[PDB]
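Heads up, structure-v5.txt below (compact mmCIF, C-alpha atoms):
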```
# COMPACT_ATOMS: atom_id res chain seq x y z
CA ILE A 2 -34.29 5.72 40.98
CA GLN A 3 -31.49 3.18 40.29
CA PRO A 4 -30.62 3.86 36.63
CA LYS A 5 -28.30 1.76 34.52
CA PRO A 6 -24.76 3.12 35.03
CA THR A 7 -22.48 4.23 32.22
CA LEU A 8 -18.88 3.03 31.90
CA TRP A 9 -16.45 5.10 29.85
CA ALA A 10 -12.72 5.58 29.33
CA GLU A 11 -10.55 8.70 29.40
CA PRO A 12 -8.93 9.85 27.23
CA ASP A 13 -9.93 6.91 25.01
CA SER A 14 -10.49 3.16 25.02
CA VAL A 15 -7.51 2.84 22.63
CA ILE A 16 -4.30 3.56 24.57
CA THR A 17 -0.69 2.88 23.63
CA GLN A 18 1.20 0.66 26.06
CA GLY A 19 2.66 2.44 29.09
CA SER A 20 0.47 5.49 28.53
CA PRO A 21 -2.13 6.19 31.23
CA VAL A 22 -5.87 5.60 31.04
CA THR A 23 -8.68 6.21 33.53
CA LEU A 24 -12.10 4.57 33.52
CA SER A 25 -15.20 5.98 35.17
CA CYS A 26 -18.50 4.52 36.37
CA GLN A 27 -21.48 6.89 36.47
CA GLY A 28 -24.47 5.89 38.58
CA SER A 29 -26.95 7.77 40.74
CA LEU A 30 -26.08 10.34 43.38
CA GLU A 31 -26.90 7.58 45.90
CA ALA A 32 -23.79 5.65 44.78
CA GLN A 33 -22.44 3.85 47.86
CA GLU A 34 -20.19 1.09 46.47
CA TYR A 35 -18.79 0.43 42.98
CA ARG A 36 -18.20 -3.00 41.43
CA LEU A 37 -16.12 -3.14 38.24
CA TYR A 38 -15.59 -6.40 36.36
CA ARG A 39 -13.23 -7.51 33.57
CA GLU A 40 -13.50 -10.14 30.84
CA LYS A 41 -10.94 -11.33 28.27
CA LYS A 42 -12.27 -14.68 27.00
CA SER A 43 -15.63 -16.41 27.03
CA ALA A 44 -13.85 -18.86 29.37
CA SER A 45 -11.82 -16.92 31.96
CA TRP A 46 -12.30 -16.59 35.62
CA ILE A 47 -14.12 -13.35 35.59
CA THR A 48 -11.00 -11.36 36.60
CA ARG A 49 -12.97 -8.98 38.89
CA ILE A 50 -11.21 -5.68 39.72
CA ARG A 51 -10.17 -5.32 43.37
CA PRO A 52 -11.81 -2.55 45.45
CA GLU A 53 -8.39 -1.18 46.51
CA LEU A 54 -8.27 0.41 43.03
CA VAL A 55 -11.90 1.55 42.53
CA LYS A 56 -11.71 5.03 44.09
CA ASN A 57 -14.97 6.98 43.61
CA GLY A 58 -15.78 4.91 40.52
CA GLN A 59 -12.58 5.96 38.70
CA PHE A 60 -10.27 2.99 38.07
CA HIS A 61 -6.90 4.54 37.18
CA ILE A 62 -4.32 2.66 35.11
CA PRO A 63 -0.99 4.54 35.16
CA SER A 64 0.97 2.04 33.02
CA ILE A 65 -1.31 -0.03 30.79
CA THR A 66 -0.11 -3.51 29.81
CA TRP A 67 -1.63 -6.43 27.89
CA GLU A 68 -3.17 -7.61 31.16
CA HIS A 69 -5.56 -4.64 31.50
CA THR A 70 -7.19 -5.10 28.08
CA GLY A 71 -10.63 -6.68 28.02
CA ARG A 72 -14.34 -6.03 28.32
CA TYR A 73 -15.34 -4.02 31.40
CA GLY A 74 -18.69 -3.44 33.05
CA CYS A 75 -19.52 -1.63 36.28
CA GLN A 76 -22.35 -2.03 38.77
CA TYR A 77 -23.11 -0.04 41.92
CA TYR A 78 -25.06 -0.49 45.16
CA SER A 79 -27.94 1.80 46.10
CA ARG A 80 -31.05 1.34 48.27
CA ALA A 81 -30.20 -2.29 49.16
CA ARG A 82 -30.00 -2.98 45.40
CA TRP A 84 -27.14 -3.80 43.06
CA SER A 85 -27.53 -1.86 39.82
CA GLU A 86 -27.59 -3.52 36.43
CA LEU A 87 -24.34 -4.09 34.57
CA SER A 88 -23.31 -1.03 32.57
CA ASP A 89 -22.95 -1.33 28.81
CA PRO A 90 -19.62 -3.13 28.29
CA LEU A 91 -16.47 -1.12 27.60
CA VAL A 92 -13.73 -2.66 25.46
CA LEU A 93 -10.31 -1.45 26.63
CA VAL A 94 -7.75 -1.96 23.86
CA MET A 95 -3.98 -1.39 23.89
CA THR A 96 -1.83 -0.49 20.88
CA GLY A 97 1.89 -0.27 20.19
CA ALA A 98 2.87 -3.82 21.15
CA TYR A 99 3.85 -5.03 17.66
CA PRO A 100 5.65 -3.41 14.71
CA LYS A 101 3.32 -1.27 12.62
CA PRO A 102 1.95 -2.71 9.35
CA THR A 103 1.65 -0.86 6.04
CA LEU A 104 -1.71 0.39 4.77
CA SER A 105 -2.34 0.71 1.04
CA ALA A 106 -5.20 1.31 -1.40
CA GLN A 107 -6.09 -1.23 -4.11
CA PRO A 108 -5.90 -0.12 -6.81
CA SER A 109 -6.22 3.66 -6.62
CA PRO A 110 -5.49 5.89 -3.59
CA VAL A 111 -7.75 8.50 -5.24
CA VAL A 112 -11.17 7.43 -6.54
CA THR A 113 -13.88 9.38 -8.34
CA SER A 114 -16.94 10.43 -6.36
CA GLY A 115 -19.28 7.47 -5.88
CA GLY A 116 -16.93 4.47 -6.13
CA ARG A 117 -15.96 2.08 -3.34
CA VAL A 118 -12.20 1.55 -3.05
CA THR A 119 -10.49 -1.57 -1.74
CA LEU A 120 -7.94 -1.28 1.08
CA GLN A 121 -5.38 -3.71 2.44
CA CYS A 122 -2.82 -3.78 5.25
CA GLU A 123 0.34 -5.81 4.72
CA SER A 124 3.05 -6.96 7.11
CA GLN A 125 5.98 -9.36 7.20
CA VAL A 126 4.94 -11.01 10.47
CA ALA A 127 1.79 -13.14 10.58
CA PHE A 128 -1.17 -11.66 12.46
CA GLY A 129 -4.51 -13.25 13.25
CA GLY A 130 -6.65 -10.34 12.12
CA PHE A 131 -6.57 -6.68 11.16
CA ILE A 132 -8.48 -3.58 12.26
CA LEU A 133 -9.34 -0.52 10.14
CA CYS A 134 -10.10 2.63 12.14
CA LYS A 135 -11.29 5.88 10.58
CA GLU A 136 -10.10 9.29 11.78
CA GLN A 143 -15.59 3.54 14.38
CA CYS A 144 -13.24 0.58 13.88
CA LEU A 145 -14.09 -2.47 11.76
CA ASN A 146 -12.03 -5.66 11.61
CA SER A 147 -11.54 -8.47 9.16
CA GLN A 148 -13.24 -11.81 9.62
CA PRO A 149 -11.69 -13.59 12.62
CA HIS A 150 -9.11 -15.92 11.08
CA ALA A 151 -7.77 -19.07 12.72
CA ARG A 152 -4.44 -19.74 10.96
CA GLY A 153 -3.50 -16.14 10.18
CA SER A 154 -2.71 -14.21 6.99
CA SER A 155 0.01 -11.67 6.22
CA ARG A 156 -2.47 -9.23 4.66
CA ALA A 157 -6.24 -8.71 4.75
CA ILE A 158 -8.62 -7.04 2.30
CA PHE A 159 -11.15 -4.34 3.18
CA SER A 160 -13.81 -2.67 1.02
CA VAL A 161 -14.82 0.85 2.09
CA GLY A 162 -17.36 2.94 0.21
CA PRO A 163 -19.15 4.82 -1.12
CA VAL A 164 -17.35 8.14 -0.61
CA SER A 165 -18.57 11.25 1.22
CA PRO A 166 -17.09 14.50 -0.16
CA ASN A 167 -17.84 16.48 3.02
CA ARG A 168 -15.95 14.18 5.41
CA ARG A 169 -12.26 13.40 5.83
CA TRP A 170 -11.56 9.83 4.70
CA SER A 171 -8.48 9.30 6.86
CA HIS A 172 -7.74 5.68 7.77
CA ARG A 173 -5.35 3.83 10.06
CA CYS A 174 -4.77 0.09 10.32
CA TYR A 175 -3.86 -2.20 13.23
CA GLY A 176 -3.07 -5.88 13.60
CA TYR A 177 -3.81 -8.30 16.41
CA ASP A 178 -3.18 -11.88 17.48
CA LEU A 179 -6.13 -14.26 17.75
CA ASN A 180 -5.35 -15.31 21.34
CA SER A 181 -5.53 -11.62 22.40
CA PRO A 182 -8.00 -9.70 20.20
CA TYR A 183 -7.78 -6.70 22.56
CA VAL A 184 -4.00 -6.27 22.18
CA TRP A 185 -3.26 -4.57 18.87
CA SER A 186 -0.14 -3.58 16.93
CA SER A 187 1.36 -0.13 16.44
CA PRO A 188 -0.49 2.45 14.32
CA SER A 189 0.06 2.21 10.59
CA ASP A 190 0.98 5.36 8.70
CA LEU A 191 -2.04 7.64 8.36
CA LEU A 192 -3.50 6.98 4.90
CA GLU A 193 -5.48 9.79 3.28
CA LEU A 194 -8.15 8.96 0.73
CA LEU A 195 -9.24 11.69 -1.66
CA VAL A 196 -12.17 12.62 -3.91
CA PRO A 197 -11.37 15.15 -6.66
CA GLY A 198 -13.77 17.31 -8.62
CA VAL A 199 -14.39 20.68 -10.23
CA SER A 200 -12.79 23.10 -10.59
CA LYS A 201 -9.70 25.22 -11.43
CA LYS A 202 -7.07 22.52 -11.83
CA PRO A 203 -3.65 23.84 -10.70
CA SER A 204 -0.42 24.09 -12.70
CA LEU A 205 2.59 21.77 -12.40
CA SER A 206 6.20 22.85 -12.90
CA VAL A 207 9.53 21.09 -12.41
CA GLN A 208 13.11 22.09 -11.61
CA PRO A 209 15.51 21.66 -13.25
CA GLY A 210 13.51 19.72 -15.85
CA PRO A 211 11.28 16.72 -16.54
CA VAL A 212 14.35 14.71 -17.64
CA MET A 213 16.55 13.78 -14.67
CA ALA A 214 19.74 11.78 -14.16
CA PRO A 215 20.34 9.42 -11.22
CA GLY A 216 21.89 10.98 -8.12
CA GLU A 217 20.34 14.33 -9.00
CA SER A 218 17.24 15.42 -7.11
CA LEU A 219 14.24 17.35 -8.39
CA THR A 220 11.94 19.90 -6.76
CA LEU A 221 8.32 20.28 -7.87
CA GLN A 222 5.91 23.21 -7.77
CA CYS A 223 2.11 23.13 -7.86
CA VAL A 224 0.45 26.55 -8.20
CA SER A 225 -3.20 27.63 -8.21
CA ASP A 226 -4.66 31.13 -7.95
CA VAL A 227 -7.66 29.85 -5.97
CA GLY A 228 -6.75 29.64 -2.30
CA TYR A 229 -6.53 25.89 -1.77
CA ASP A 230 -5.17 24.91 1.63
CA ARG A 231 -3.25 21.66 1.06
CA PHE A 232 -1.83 20.13 -2.13
CA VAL A 233 -1.68 16.44 -3.07
CA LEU A 234 0.50 14.72 -5.68
CA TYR A 235 0.55 11.10 -6.82
CA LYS A 236 1.65 8.80 -9.63
CA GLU A 237 -0.65 6.71 -11.82
CA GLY A 238 0.10 3.17 -10.70
CA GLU A 239 1.37 4.33 -7.32
CA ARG A 240 -0.93 3.21 -4.52
CA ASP A 241 -0.18 5.78 -1.78
CA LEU A 242 -0.24 9.58 -1.71
CA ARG A 243 1.86 12.45 -0.36
CA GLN A 244 0.32 15.49 1.32
CA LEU A 245 1.79 18.90 2.12
CA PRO A 246 -0.14 21.97 3.36
CA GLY A 247 0.28 24.77 0.84
CA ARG A 248 0.82 28.44 1.66
CA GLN A 249 0.58 31.72 -0.26
CA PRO A 250 3.97 33.48 -0.24
CA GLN A 251 2.78 35.44 -3.28
CA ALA A 252 -0.20 37.81 -3.35
CA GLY A 253 -3.02 35.70 -4.79
CA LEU A 254 -1.17 32.49 -5.75
CA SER A 255 -0.86 29.34 -3.65
CA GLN A 256 2.28 27.26 -4.18
CA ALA A 257 4.07 24.24 -2.72
CA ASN A 258 7.65 23.01 -3.15
CA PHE A 259 7.51 19.21 -3.32
CA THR A 260 11.17 18.24 -2.80
CA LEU A 261 11.78 14.58 -3.62
CA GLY A 262 15.18 13.19 -2.73
CA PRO A 263 17.82 11.60 -4.95
CA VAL A 264 16.16 10.30 -8.09
CA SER A 265 16.17 6.54 -8.77
CA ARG A 266 14.43 4.22 -11.24
CA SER A 267 11.23 4.13 -9.17
CA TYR A 268 10.67 7.91 -9.36
CA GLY A 269 9.94 7.87 -13.10
CA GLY A 270 6.26 8.14 -13.94
CA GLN A 271 3.28 10.35 -14.71
CA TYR A 272 2.65 12.75 -11.82
CA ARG A 273 -0.55 14.71 -11.20
CA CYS A 274 -1.20 17.46 -8.65
CA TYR A 275 -4.44 18.96 -7.36
CA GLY A 276 -5.38 21.03 -4.33
CA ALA A 277 -7.95 20.88 -1.55
CA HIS A 278 -9.11 22.64 1.60
CA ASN A 279 -8.06 21.47 5.06
CA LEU A 280 -11.32 20.37 6.66
CA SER A 281 -13.24 19.16 3.60
CA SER A 282 -12.37 16.51 1.01
CA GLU A 283 -13.94 18.15 -2.07
CA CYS A 284 -10.73 18.67 -4.02
CA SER A 285 -9.69 20.53 -7.16
CA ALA A 286 -9.69 19.04 -10.64
CA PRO A 287 -6.54 17.10 -11.60
CA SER A 288 -3.91 19.32 -13.16
CA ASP A 289 -2.53 18.64 -16.61
CA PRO A 290 -0.17 15.66 -16.16
CA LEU A 291 3.60 16.08 -16.04
CA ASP A 292 5.74 13.10 -17.07
CA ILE A 293 8.98 12.48 -15.17
CA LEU A 294 11.64 10.55 -17.09
CA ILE A 295 14.79 8.82 -15.85
CA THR A 296 18.02 8.42 -17.82
CA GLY A 297 20.61 5.66 -17.86
CA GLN A 298 18.02 3.02 -16.97
CA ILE A 299 18.04 1.13 -20.30
CA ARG A 300 20.96 -0.03 -22.42
CA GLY A 301 22.28 1.71 -25.51
CA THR A 302 23.43 5.29 -26.06
CA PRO A 303 22.56 7.39 -29.13
CA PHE A 304 24.56 10.19 -30.73
CA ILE A 305 23.19 13.31 -32.41
CA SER A 306 24.13 15.14 -35.62
CA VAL A 307 22.90 18.20 -37.51
CA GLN A 308 21.95 19.15 -41.06
CA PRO A 309 23.24 21.15 -42.80
CA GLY A 310 25.37 22.64 -40.02
CA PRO A 311 25.39 24.13 -36.52
CA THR A 312 25.49 27.68 -37.97
CA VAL A 313 21.95 29.04 -38.33
CA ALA A 314 20.61 32.21 -39.94
CA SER A 315 17.15 33.42 -38.94
CA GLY A 316 14.91 32.23 -41.77
CA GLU A 317 16.48 28.83 -42.46
CA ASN A 318 15.29 25.21 -42.34
CA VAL A 319 17.52 23.10 -40.07
CA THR A 320 16.94 19.48 -39.03
CA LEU A 321 18.39 17.55 -36.11
CA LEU A 322 18.60 13.76 -35.99
CA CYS A 323 19.66 11.11 -33.48
CA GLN A 324 21.15 7.78 -34.56
CA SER A 325 21.52 4.59 -32.56
CA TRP A 326 22.58 1.00 -33.12
CA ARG A 327 20.36 -0.58 -30.45
CA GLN A 328 16.62 -0.96 -30.97
CA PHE A 329 14.73 2.14 -29.85
CA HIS A 330 11.01 2.76 -30.26
CA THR A 331 10.87 6.50 -29.50
CA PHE A 332 13.52 9.22 -29.35
CA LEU A 333 13.50 12.39 -27.25
CA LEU A 334 15.04 15.84 -27.70
CA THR A 335 15.81 17.91 -24.59
CA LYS A 336 17.10 21.47 -24.59
CA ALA A 337 19.33 22.77 -21.82
CA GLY A 338 17.72 24.70 -18.97
CA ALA A 339 15.04 25.47 -19.08
CA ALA A 340 13.67 22.43 -20.92
CA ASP A 341 9.93 22.72 -21.33
CA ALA A 342 8.13 20.08 -23.42
CA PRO A 343 10.47 18.08 -24.10
CA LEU A 344 10.08 16.64 -27.64
CA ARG A 345 9.44 13.00 -28.53
CA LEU A 346 9.20 11.30 -31.93
CA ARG A 347 9.15 7.61 -32.79
CA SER A 348 12.20 5.97 -34.35
CA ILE A 349 12.89 5.20 -38.01
CA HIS A 350 14.70 2.00 -39.02
CA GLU A 351 17.23 3.40 -41.49
CA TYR A 352 19.41 0.31 -41.80
CA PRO A 353 21.57 -0.33 -40.01
CA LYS A 354 20.70 2.40 -37.48
CA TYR A 355 17.60 3.75 -35.72
CA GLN A 356 17.16 7.45 -36.47
CA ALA A 357 14.55 10.15 -35.89
CA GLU A 358 14.62 13.55 -37.59
CA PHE A 359 13.74 16.47 -35.32
CA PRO A 360 12.79 19.24 -37.77
CA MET A 361 13.29 22.92 -36.96
CA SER A 362 10.86 24.39 -39.55
CA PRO A 363 11.71 27.92 -40.20
CA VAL A 364 13.83 28.95 -37.23
CA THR A 365 13.80 31.86 -34.79
CA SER A 366 16.33 33.28 -32.33
CA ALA A 367 14.92 30.98 -29.59
CA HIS A 368 16.07 27.75 -31.31
CA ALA A 369 19.63 28.44 -30.13
CA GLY A 370 21.12 26.55 -27.20
CA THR A 371 22.53 23.21 -26.06
CA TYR A 372 20.55 20.14 -27.15
CA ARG A 373 20.85 16.52 -26.02
CA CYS A 374 19.13 13.36 -27.21
CA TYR A 375 17.70 10.28 -25.48
CA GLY A 376 16.44 6.88 -26.57
CA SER A 377 13.43 5.07 -25.13
CA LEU A 378 11.33 1.94 -25.55
CA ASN A 379 7.66 1.09 -25.14
CA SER A 380 8.34 -1.60 -22.54
CA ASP A 381 8.36 1.33 -20.11
CA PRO A 382 8.17 4.81 -21.69
CA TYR A 383 9.32 6.61 -18.52
CA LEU A 384 12.82 5.06 -18.68
CA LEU A 385 15.30 6.73 -21.04
CA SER A 386 18.70 5.63 -22.32
CA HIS A 387 22.08 7.17 -21.58
CA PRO A 388 22.31 10.79 -22.76
CA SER A 389 23.75 11.78 -26.11
CA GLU A 390 26.88 13.88 -26.45
CA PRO A 391 25.80 17.50 -25.86
CA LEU A 392 25.43 19.44 -29.11
CA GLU A 393 25.57 23.22 -28.70
CA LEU A 394 23.99 25.37 -31.42
CA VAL A 395 24.53 29.09 -32.04
CA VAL A 396 22.50 31.51 -34.16
CA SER A 397 23.37 34.87 -35.71
```

Represent the structure of the file as structure tokens.
Amino acid sequence: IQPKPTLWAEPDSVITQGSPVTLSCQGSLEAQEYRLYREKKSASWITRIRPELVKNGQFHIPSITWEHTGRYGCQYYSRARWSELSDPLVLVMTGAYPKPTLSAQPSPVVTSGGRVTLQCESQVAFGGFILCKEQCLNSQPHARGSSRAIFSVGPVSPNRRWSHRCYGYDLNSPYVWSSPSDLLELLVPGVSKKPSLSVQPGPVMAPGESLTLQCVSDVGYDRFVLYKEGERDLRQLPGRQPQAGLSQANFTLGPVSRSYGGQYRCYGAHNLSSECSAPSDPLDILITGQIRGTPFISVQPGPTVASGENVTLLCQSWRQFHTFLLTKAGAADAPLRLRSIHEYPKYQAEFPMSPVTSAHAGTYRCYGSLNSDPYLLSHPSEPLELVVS
């Protein structure tokens, strides 16, 4: 019969260094002898594999190194005939270099039908990069070597998981790759039933303090995803249903710094598919003490309030502010924001309290902000407590 043999790797043709791999040649049942060849460059010796290692067609590699990588092809002897060369197998090793960083230009979440741009970046200089989905595709083979390469994947498929992972390799050894980049998840949102976002203690945070988020949806979405407009990577956490009929997730970000301020959006999805829920109503996170100046607050007519009275707050400042903010003590919900008013020689903003209720009582603080970056607030105002009776 003498069919063309098949050459295949177990558990995969991509193996981290040191980890074991086993190849296998598959010919006829008349298989007497097994030849197995290597190849690493279009000019190398051939590097044929010795028969002391080809045991019943299975060439076992206990500890893979950057010697074993290359193109393999097997060929067996049967009926006084050497078989044809099997389809070549490319054995590739990973984990030799530090792992690069994969990112999505410009959006890590794209609407259904658009092709997103990806890029892997690294400090060290590599010859070329590889993008594998979890079918690998590389960049053009460069000669000098860049620090980052650009890929263009698309269009999107809502039924499949658009997970990606990036490698880097040297030009003189295109079969010896770097360590695996962090698993990047792409995402395609859509209808329906956008979840609800809530924050603790409040959307206005001070440095050093940490905040914990909560994304809730009555529909039983499996995992929840949250990201920032402008931010180029995502964060995923599988959501559970501790309550009867409501899925939730406690996104606990660490100590808050300047970089954490921004507009955050959450939306859910199911595990196996990538057809995700509609984006929830956005929640803005604001950081204090990140810009100069500190305003102080006053009242009118006084901090004693009777139910059925018109009271007005106001914050003054000497430094230029474009918008002012009013935050109530826990729990703060909106919080309020009105643009400034240049009442020489100060910048003020009246926060009216048009006819009051019993809920307008509590401790109130004020913040100043600019339009250079609206998510960065000034130092807090002196706390002004208000009582009602």

Item to check | Long-range neighbours of range 66-75 of chain A as a VMD selection string, 9 Å cut-off, all atoms listed in the file, 5 positions minimum in chain | outcome: chain A and resid 6 to 8 17 to 19 25 to 27 35 to 42 58 85 to 95 98 181 to 184

Wanna dump the range 72-193 of chain A-range 279-301 of chain A contacts at 9 Å for me, each residue with its shortest atom pair and the distance in Å to one decimal, counting only C-alpha atoms, ordered by chain and number, as CSV?
```
residue,atom,partner,partner_atom,distance
A:165,CA,A:282,CA,8.1
A:166,CA,A:283,CA,5.2
A:167,CA,A:281,CA,5.4
A:168,CA,A:281,CA,6.0
A:169,CA,A:282,CA,5.7
A:170,CA,A:282,CA,7.7
```

Next on the checklist: When you look at residue 264 in chain A with a cut-off of 7 Å (counting only C-alpha atoms), what residues show up, excluding the ones that are within fewer than 6 positions of it in the same chain? I need them as a PyMOL selection string.
Outcome noted: chain A and resi 215-218

Next on the checklist: List the spatial neighbours of range 244-255 of chain A as a ChimeraX atom specification - criterion: any atom at most 6 Å away, all atoms listed in the file, same-chain residues fewer than 5 positions off excluded.
Outcome noted: /A:224-226,230-233

Checklist entry - Which polymer residues have any atom within 10 Å of an atom of residue 315 in chain A, counting only C-alpha atoms, with same-chain residues fewer than 4 positions away left out, as a VMD selection string? => result chain A and resid 363 to 368 396 to 397

With a distance cut-off of 8 Å and all atoms listed in the file, select the neighbouring residues of residue 29 in chain A, excluding the residue or stretch itself and same-chain residues fewer than 2 positions from it, and output the selection as a compact mmCIF listing (two decimals) with C-alpha atoms, in the coordinates of the input.
```txt
# COMPACT_ATOMS: atom_id res chain seq x y z
CA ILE A 2 -34.29 5.72 40.98
CA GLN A 3 -31.49 3.18 40.29
CA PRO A 4 -30.62 3.86 36.63
CA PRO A 6 -24.76 3.12 35.03
CA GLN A 27 -21.48 6.89 36.47
CA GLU A 31 -26.90 7.58 45.90
CA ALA A 32 -23.79 5.65 44.78
```

Next on the checklist: Report, in Å with one decimal, the straight-line distance from CA of residue 267 in chain A to CA of residue 221 in chain A.
Outcome noted: 16.5 Å

Item to check | Best match for closeness to residue 130 in chain A among A:274, A:196, A:161, A:151, counting all atoms listed in the file | outcome: A:151

Checklist entry - Restricting the calculation to all atoms listed in the file, which member of A:371, A:325, A:256, A:379 is positioned closest to residue 391 in chain A? => result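 Answer, going by the shortest atom-to-atom distance: A:371.
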
Item to check | Straight-line distance linking CA of residue 45 in chain A with CA of residue 155 in chain A, stated in Å to one decimal | outcome: 28.8 Å

Item to check | Separation of CA of residue 388 in chain A from CA of residue 372 in chain A in Å | outcome: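 Computing it gives 10.5 Å between the two atoms.
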
Checklist entry - Counting only C-alpha atoms, which of A:257, A:157, A:313, A:321 gets nearest to residue 123 in chain A? => result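 Looking at the shortest contact to residue 123 in chain A, the residue is A:157.
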
Next on the checklist: Could you check the closest approach to residue 104 in chain A for each of A:329, A:259, A:77, A:175 and tell me which residue wins, using all atoms listed in the file?
Outcome noted: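 Going through A:329, A:259, A:77, A:175 one by one, the smallest distance to residue 104 in chain A is for A:175.
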